[PDB]
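Undergrad:
Residue numbers (PDB author numbering), protein chains in the order written: chain A, 2 to 91, 94 to 249, 267 to 360; chain A', 2 to 91, 94 to 249, 267 to 360. A prime marks a further copy of an entry chain.
Given below as structure tokens:
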């Protein structure tokens, strides 16, 4: 009757420590009448470590020093297994009933981890393989949103075979200045450049291509940055909106008309890309007042200071409640899958 | 110096026996100076079985009785491991250097297996997570092709929440008759109906929805069925075209102009969906002579009688050669990934 929640967290990414803090916060909130936690952390080298709740972190109360305890207690997965799918290299691991994956980095976010969980017949929180993969490839994601008649910033995408052919003059005739250059898989922070003159382009394009084989060159979007949390599978619900001041203000200072249409666009975007469980949708609200999709993020932060849970808190859904609902959604999808 | 090729084959699908026959054919052709095979078959129940080359099948020479030898020799995967990633439940399995996955069925084809292989740091043949996932969701696939300015049959997509609202009259005003109804993930053979009158619709829609949570309702396309094999990663090449007579005729009886533009459309489709390694592209050539994309299939058959290898054979690429090139492409991608 308690159900066992396998928290998988950490990962090879710059957001590793944010994942560590999400895990702790989630662990502290997990409804102890419904759920028991099993903790599997992933190293900055990609190695998996089973840990006790009481000792999964080093320097937990020091944000400059917080690290995973690399217990060396390894995990094996039995593809196709229907019970004890996750097994200790070496004696026994509690049966996991649902996985709540919060692994930032390429593999944890792009559908690879989701595929592994599917192979092991484990229910899990968040978007499936397709929704994760599409959302993470910003090129594919913009193309799908564009097809759904949602507004995205004008953009061109280069691979290395085609990046050597890039003409700044033509790109700036089409997209303007400044240009935003970023790798297609990742590209919030890492490998990103705001190019202000055509001279700076060649370097931005080269830096982006060190992080991915595909690079986006995007027009600027002038407008207010608004963020909206979505939750659900087939009938998603949208939270109150928050405004980024440059630092988030909840609820945003916008009309009810305007919050409602942002909420509507957030749900439509989430449906188009095939998201499930949760996502944060970031938009620009222009002068204007056209609404343009900036990003759909299928792995939001789950720390107590993160935007996604704060948006739900401001909509009257408490953290504990939010975690419980995400786990319910994961089980609902899983069971529905089981009849197909 | 020999490199070890893990053939993973079988799967929970109607195409299980076609996979068994592909494995045998591949094993027989594998260049024995470059590659040694390791054989992992997946049951109709989804269970994995390591087998010897000499004894992986029951009734091998009987197409009515050919089955996997369910040796009960289990496999474990060590996510994040960098060597001996695939391990025997129970003593030792050869190091696999590249996986050639030919598992038909939802998990083997929709990016889930590819995600598992990525998690285990194994190079593998065929499309990655995104390309597999997009190709397999026929809805998402048509939307992406439509956005790439490729012609697809007019269509509407329903989920169960929306399928109860389906109005035949409006669908037939928009799409015509006959209508083709099919589940979005799968839907070549299974769950498919040609509805010839509006009365037959309700049953088609209900049958499709037993196989997936999303169902496509597609217009008919009048035209000749032409199939073209694609091979490659970043610069794909296209084979000579074959014609389905209703039974394939290679090379198809069409102009060079027409074969060339089909070949061009096949490559463009393959690029749009983010395919890698191989795919077969099926098109309709209309009166006309507009070319409409019917399907992009990222897991073609590999038996000696299968269309995909026959199209390459007719283009001057022998079976052994084709397998070797697929494995080279898998290694090339893997290494390129390793610098990002």
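The C-beta atom is built at its ideal place from N, Cα and C for all residues, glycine as well.
Looking at the C-beta of residue 114 of chain A', does it have a partner C-beta in chain A at a distance below 7 Å?
TA: Closer than 7 Å to the CB of residue 114 of chain A' there is at least one CB belonging to chain A.
Undergrad: Assuming residue 20 of chain A' is part of the alpha helix (DSSP H), what are its boundary residues?
TA: 17-30
Undergrad: With burial defined as no fewer than 16 other Cβ atoms inside 10 Å of the residue's Cβ, what is the status of residue 135 of chain A': buried or exposed?
TA: buried
Undergrad: Spell out the partners DSSP gives residue 5 of chain A' in its beta bridges.
TA: A':37
Undergrad: Check the Cβ of residue 110 of chain A against every Cβ in chain A' and list those closer than 7 Å, keeping chain order.
TA: 121 and 122
Undergrad: Answer with buried or exposed for residue 326 of chain A', where buried requires no fewer than 16 other C-beta atoms within 10 angstroms of its C-beta.
TA: The residue in question, residue 326 of chain A', is buried, as its Cβ has 16 or more Cβ neighbours within 10 Å.
Undergrad: For the beta strand (DSSP E) that contains residue 272 of chain A, what are its first and last residues?
TA: Residue 272 of chain A -> no beta strand (DSSP E), and no H or E assigned at all.
Undergrad: Does the segment 99-107 of chain A come within contact of the segment 142-162 of chain A, defined as at least 3 CB pairs closer than 8 Å?
TA: no
Undergrad: With respect to the alpha helix (DSSP H) encompassing residue 115 of chain A, which residues constitute its N-terminal and C-terminal limits?
TA: 115-122
Undergrad: Run through chain A and tell me which residues come within less than 9 Å of residue 214 of chain A', C-beta to C-beta.
TA: Chain A residues near residue 214 of chain A': 360.
Undergrad: Distance, Cα to Cα, residue 206 of chain A vs residue 146 of chain A?
TA: 26 Å
Undergrad: At the 7 Å Cβ level, is residue 168 of chain A part of the contact set with chain A', yes or no?
TA: Contacts with chain A' at 7 Å (Cβ-Cβ) do not include residue 168 of chain A.
Undergrad: Quick one: residues in its chain with C-beta nearer than 7 Å to the C-beta of residue 125 of chain A', no 5 flanking neighbours on either side, listed in chain order?
TA: Counting only Cβ-Cβ distances below 7 Å, and skipping sequence neighbours, we find 86, 99 and 102.
Undergrad: Would you call the CB atoms of residue 216 of chain A' and residue 162 of chain A' closer than 7 Å?
TA: Result yes, Cβ atoms of residue 216 of chain A' and residue 162 of chain A' sit closer than 7 Å.
Undergrad: If you follow the beta strand (DSSP E) that residue 216 of chain A' is in, where does it begin and where does it stop?
TA: Segment: none, residue 216 of chain A' is in no beta strand (DSSP E) and carries neither H nor E.
Undergrad: Thinking C-beta only, is residue 316 of chain A closer than 7 Å to residue 299 of chain A?
TA: yes
Undergrad: So, residue 152 of chain A' versus residue 181 of chain A', is the Cβ gap smaller than 7 Å?
TA: no
Undergrad: Just the C-alpha distance for residue 47 of chain A and residue 19 of chain A, rounded to the nearest angstrom, thanks.
TA: Roughly 16 Å separates the two Cα atoms.
Undergrad: Taking one C-beta from the segment 302-318 of chain A and one from the segment 9-26 of chain A each time, how about it: are there three or more such pairs within less than 8 Å?
TA: No, they do not touch.
Undergrad: Give a yes or no on whether the minimum CB-CB distance between residue 12 of chain A and chain A' is below 7 Å.
TA: no
Undergrad: Quickly, what does DSSP pair residue 188 of chain A' with across the bridge? List them, please.
TA: A':140
Undergrad: Hey, which unbroken runs of the beta strand (DSSP E) at 3 residues or more fall wholly within the segment 294-349 of chain A'?
TA: 297-305 and 311-317
Undergrad: Give the DSSP bridge partners of residue 224 of chain A, in chain order.
TA: For residue 224 of chain A, which the question treats as bridged, DSSP gives no partner whatsoever.
Undergrad: Roughly how many angstroms separate the alpha carbons of residue 57 of chain A and residue 64 of chain A, rounded to a whole number?
TA: 15 Å
Undergrad: Select from A':237, A':289 and A':33 the residue whose C-alpha is nearest the C-alpha of residue 231 of chain A'.
TA: A':289
Undergrad: For residue 138 of chain A', which of A':355, A':173, A':291 and A':41 has the nearest alpha-carbon?
TA: A':291
Undergrad: Closest to residue 76 of chain A by CA distance: which of A':74, A':88 and A':68 is it?
TA: A':88
Undergrad: Assuming residue 188 of chain A' and residue 150 of chain A' form a contact by the criterion Cβ under 8 Å, report the distance between their Cβ atoms to the nearest whole angstrom.
TA: About 20 Å; that fails the 8 Å criterion.
Undergrad: What is the C-beta distance between residue 5 of chain A' and residue 37 of chain A', in whole angstroms, given that I count them as a contact (C-beta under 8 Å)?
TA: With 8 Å as the limit, residue 5 of chain A' and residue 37 of chain A' qualify as a contact, their Cβ atoms being about 5 Å apart.
Undergrad: Could you give the C-beta distance for residue 40 of chain A' and residue 27 of chain A', rounded to a whole number, given that I count them as a contact under 8 Å?
TA: Residue 40 of chain A' to residue 27 of chain A', Cβ: 10 Å. No contact.
Undergrad: Output needed in chain order: residues of the segment 142-162 of chain A with a Cβ under 9 Å from some Cβ in chain A'.
TA: 142, 143, 146, 147, 149, 150, 151 and 162
Undergrad: Mapping the DSSP letters down to three states, classify residue 112 of chain A as helix, strand or coil.
TA: Residue state, collapsed to three classes: helix.
Undergrad: I think residue 285 of chain A touches residue 305 of chain A, with their Cβ atoms under 8 Å apart; what is that distance to the nearest whole Å?
TA: Contact check for residue 285 of chain A and residue 305 of chain A: beta-carbon distance about 10 Å, past the 8 Å limit, so the pair fails to qualify.
Undergrad: I believe residue 355 of chain A' touches residue 35 of chain A' by the beta-carbon criterion, under 8 Å. Please report the beta-carbon distance rounded to the nearest angstrom.
TA: 17 Å between Cβ atoms; not a contact.
Undergrad: Applying the 10 Å Cβ sphere with the 16-neighbour rule, what's the burial state of residue 60 of chain A'?
TA: exposed
Undergrad: Could you tell me the distance, in whole angstroms, from the CA atom of residue 44 of chain A' to the CA atom of residue 71 of chain A'?
TA: 7 Å
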